[PDB]
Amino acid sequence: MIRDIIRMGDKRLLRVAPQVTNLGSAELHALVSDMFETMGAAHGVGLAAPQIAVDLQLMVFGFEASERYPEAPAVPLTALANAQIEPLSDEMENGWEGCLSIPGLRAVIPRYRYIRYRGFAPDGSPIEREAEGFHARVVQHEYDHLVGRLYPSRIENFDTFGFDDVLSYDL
């Protein structure tokens, strides 16, 4: 089932989400399957549970081909609960992000180039990966939703923030 994506300004995107405690259940699997489905209809690359007004530490992400980022390499289709993230280095890198909760807009945002992330697949097996570049950016961005944080509060150069069909900033 496709769920409404709530838009920036809803208080529900501003909460600290509690942990997922129903790993391996049929309710989690249905909620995850709804998320991939919702992500896909909106042509997302990442979607976090609080974006559909579900207060949980859960995110889906990944794709082969992105309509929005035709230059990005495949990121594996992933559902991750109870995400924890550690930078593997201090190197930052700028890149364009948008967000299905902030339709029409984008900005350049600095993110760690290299991370490890850990948590659980919805069946409850542990997931643990090193990620870099766009894969890492997607995960950091979706994690931010689980702590009530959207990308505008991370913009350093406001010249790069604008509507997607009007911008000609060259990164």
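So that there is no doubt, residue numbering starts at 1 and follows the sequence shown.
**Q** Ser66: absent from a third or more of the other PDB entries compared?
**A** In at least a third of the comparable entries (those modelling both sides of it), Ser66 has no coordinates.
**Q** So which stretch wins on mean C-alpha B-factor, 29 to 37 or 57 to 65?
**A** Mean CA B-factor is higher for 57 to 65.
**Q** Please compare 66 to 74 with 124 to 132 and name the stretch with the higher mean C-alpha B-factor in the deposited structure.
**A** Here the higher of the two C-alpha B-factor means belongs to 66 to 74.
**Q** So if I compare the CA B-factors in the entry for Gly24, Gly162, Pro152, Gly9, which one is the largest?
**A** Comparing C-alpha B-factors across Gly24, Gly162, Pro152, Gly9, the top value belongs to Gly9.
**Q** Taking the entry's C-alpha B-factors for this chain, is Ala42 in the lowest, middle or highest third?
**A** It belongs to the highest third of the chain when residues are ordered by C-alpha B-factor.
**Q** Based on the deposited C-alpha B factors for this chain, I'd like to know if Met92 is in the lowest, middle or highest third.
**A** For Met92, the deposited C-alpha B-factor lands in the highest third.
**Q** Please place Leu80 in the lowest, middle or highest third of its chain according to the CA B-factor in the PDB entry.
**A** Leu80: CA B-factor falls in the lowest third of its chain.
**Q** By its CA B factor, does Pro103 count among the lowest, middle or highest third of the modelled residues in the chain?
**A** Within its chain, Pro103 is a middle-third residue by C-alpha B-factor, going by the deposited values.
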